[PDB]
Ligand SMILES: *SCCNC(=O)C1CCN(C(=O)C(C)(C)Oc2ccc(Cl)cc2)CC1
Ligand SMILES: *SCCNC(=O)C1CCN(C(=O)C(C)(C)Oc2ccc(Cl)cc2)CC1
Ligand SMILES: [Mg+2]
Ligand SMILES: [Mg+2]
Ligand SMILES: [Mg+2]
Ligand SMILES: [Mg+2]
């Protein structure tokens, strides 16, 4: 690894600088280097890892959607043949996206998940595993698609099972997990009623636990509850 | 070149797709490949080349400024020593920026400028040469700095001389050249009065020629005139 | 597109 | 920062 010679603490410091400079590819490369040092990640470090890759893959997904739409338009009746270029470039972006997802999944498998014994860390990583399989599923079309979808589902389900046993219903990781698993159900698994049920139950159980929270915890929990409500409004 | 096997027309088509997807690094790589085919660029192709690199280097410049500010803050009296990391990462971004500028300047030198005989194409490329030397000057600190500044000045001056002889005062390339050379004077050459004079004279000579223009040409010219006015308002 | 975090 | 194009 190109980051093998840099100190762990220096990689974390540079990830924070990269975030400030909106250099998310660099940020992700630094955090990959930090993970590869082999030690567990603190809460702050887990956030840096997830922010970096979320932004990289988010940009790839946005680009893939633009290109996919152009390609779909080009394959409509009445469209003039433009050659292989749209497909080729969509495939290029797709392959780069798949590569980033595989990289993140590899970090989680070697060895972040297995070394995460506390519920908060294990749930965090299993959420990420569901998310990155979900991004693979968004572009998948081959013999493997059903298995990619099931890998996302299985990771999210294990995270849900641990979070319900070990975390309060207002915990932001538990809430964000449920938000994203609900989106999985709606957009990936073609289970809109499951998505709506999960978002509603999550919102209501968080509402009932807000009274236990400090003002600062309340802010984080209510922000995610508003995203649940936003999705419910979009879907109903 | 990785793009050596792709058709010129396919590289141009993919540059336009990359622009639509806001994948400016890809866009620049495609346009470098197109330039390296060895043929002159049309007006549309020149725009694609400039848009791509302007966006890549613009992002690098924004990042360099963030990092430079942090570094300057860290070197103030009372600041606690944070180690070499801020400098190192600013240097990393700086070196990447310099590499992009050198790449663009190399394309202009081999052989876009020498093959550009029409005033509109030659002025376009000489403006770019001034701009990319200006970006090098923004980060320069060594024995070469004065020479980098003079290379920017010399390219801009030749572009100005050709544009005044061969193009109307409302031509958007002539106007954008003058806008940028005025910024060079203010920010790089420490010549604020020259910057203000150039912006004012350019604005007034364009104003007097608007009556000759169609509605569509009027839109482009007046947009740039407003940027000249915006700078004058910032500087006075 | 729906919200995720 | 001033405007350039
Ligand atoms: S302790 C693990 C690291 N902490 C976090 O992930 C928190 C980062 C800040 N934050 C948020 O931005 C909001 C409120 C949007 O909620 C989430 C963000 C990201 C995730 Cl994975 C989950 C919730 C709270 C979490
Ligand atoms: S004929 C050479 C290619 N054409 C252009 O560069 C035009 C692109 C669109 N355009 C603009 O966006 C505005 C009005 C902002 O002016 C300029 C943009 C870029 C440059 Cl280099 C100069 C002017 C007009 C020019
Ligand atoms: Mg594919
Ligand atoms: Mg249930
Ligand atoms: Mg340097
Ligand atoms: Mg003069």
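Sequential numbering from 1, following the chain as shown.
So how was this one determined? The header says X-ray crystallography, 1.4 Å.
The backbone N, Cα and C atoms fix where each Cβ goes, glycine too.
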Task: Record feature phosphoserine (Swiss-Prot), assigned residue among A:10, A:110, A:151 - done: A:10
- [ ] Determine, using Cα-Cα distances only, which of these recorded positions is closest to residue A:134 (site 'Interaction with phosphoserine on interacting protein'): A:10, A:61, A:79.
- [x] A:61
Task: Beyond the flanks of the expression tag (A:1-5) by at least 6 residues, Cβ under 8 Å - done: 11, 29-30, 32-34, 36
Task: A:10, A:61, A:79, A:134: the recorded positions whose Cβ falls under 8 Å from a chain B Cβ - done: A:10
TODO: Could you find out if DSSP has residue A:79 (phosphoserine) as helix, strand or coil?
DONE: coil
TODO: Could you tally the C-beta atoms, other than its own, that fall within 10 angstroms of the C-beta of residue A:134 (site 'Interaction with phosphoserine on interacting protein')?
DONE: 25
Task: Within the expression tag (A:1-5), residues counted as helix, strand or coil by DSSP - done: 0 helix, 0 strand, 5 coil
Open item on the list: Within a 10 Å radius of its Cβ, which of these modified residues (A:10, A:79) has the fewest neighbouring Cβ atoms?
Closed with: A:79
